[PDB]
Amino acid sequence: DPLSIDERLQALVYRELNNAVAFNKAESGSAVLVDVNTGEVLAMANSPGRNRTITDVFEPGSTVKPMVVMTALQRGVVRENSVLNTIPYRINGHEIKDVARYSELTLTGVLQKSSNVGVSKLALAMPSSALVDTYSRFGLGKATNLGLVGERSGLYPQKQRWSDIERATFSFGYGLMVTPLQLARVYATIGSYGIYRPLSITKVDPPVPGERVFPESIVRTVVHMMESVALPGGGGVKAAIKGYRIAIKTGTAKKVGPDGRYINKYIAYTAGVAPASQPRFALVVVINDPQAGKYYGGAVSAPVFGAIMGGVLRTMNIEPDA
């Protein structure tokens, strides 16, 4: 009753998640929905119910990329209209390449096409501490404190010195492990334009004072850029919702084994905020080990993200902004 969960939104999330997990023949799926102004968890669901995926840890992969662009802008490595050389290259034999090859991309392009090359060149242009600092500001490598077992088990680098390959892979979301709850908190901080708040499972009266972790102007710039992910040419186009602008990012990660080996099992993500013009909600959707033939975030997680976010916007009577 001081519980923040809105059961209308919980039931919607559960139903859509159940359907997506079944359709993709996946092990499981999770969705976490957060009010970006208060940190209230409005919905939090695992499918199947007893697969406690919301508190399991995973490499966040390309979902970290918006923070990379924010950091490069803050440090003056790039400007709003910058164009990056995105030609694939090598680091000591390690090949850095994108799924789709481009010789150059704008910062919007880098997010739209999810360019590993583009973000890695940004990272190598900055000290190793730069992204460590930003990810930390957004709450990665800090526990969530909702009182759920597992909440605290994420892996985050405490390293003093970094190799070139480590710095690059960090920029596209490997070499650290986070829970869906931590990722939802990142995106809630994006939706607030740089105000960090802890997640709450209990009701609060707004406004809720938070911690300014990043300038409003920078976060707003990248939120606009993320709108391209949900338009034609963008990886998350299947999340698009009629009448609304959404700001999202897709991701796909190969699962790492305990000996550090990557296996042919996938984790698919879509994380974002809506409506993009003035965010009310942050949503993270994770689909664990899809087996039905598709495994990219845009194919597997983006459709259910659109169905959930669309249902939320309608239920909460949010004014169409498209």
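Each residue number is its position in the shown sequence, starting from 1.
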property: Mean C-alpha B-factor comparison - 105 to 113 and 148 to 156, higher one; result: 148 to 156
property: Between 230 to 238 and 86 to 94 (mean CA B-factor, as deposited), the higher; result: 86 to 94
property: Which of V99, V119, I248, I218 ranks first by CA B-factor in the deposited coordinates; result: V99
property: Residue, from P66, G39, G257, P275, that the PDB entry assigns the highest Cα B-factor; result: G257
property: Modelled-residue ranking by C-alpha temperature factor, third containing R161; result: highest
property: Third assignment of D133 from its chain's C-alpha B-factors; result: middle
property: Chain third (lowest, middle, highest) by recorded CA B-factor, residue given as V32; result: lowest
property: Chain thirds of CA B-factor: placement of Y269; result: middle
property: Third assignment of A292 from its chain's C-alpha B-factors; result: highest
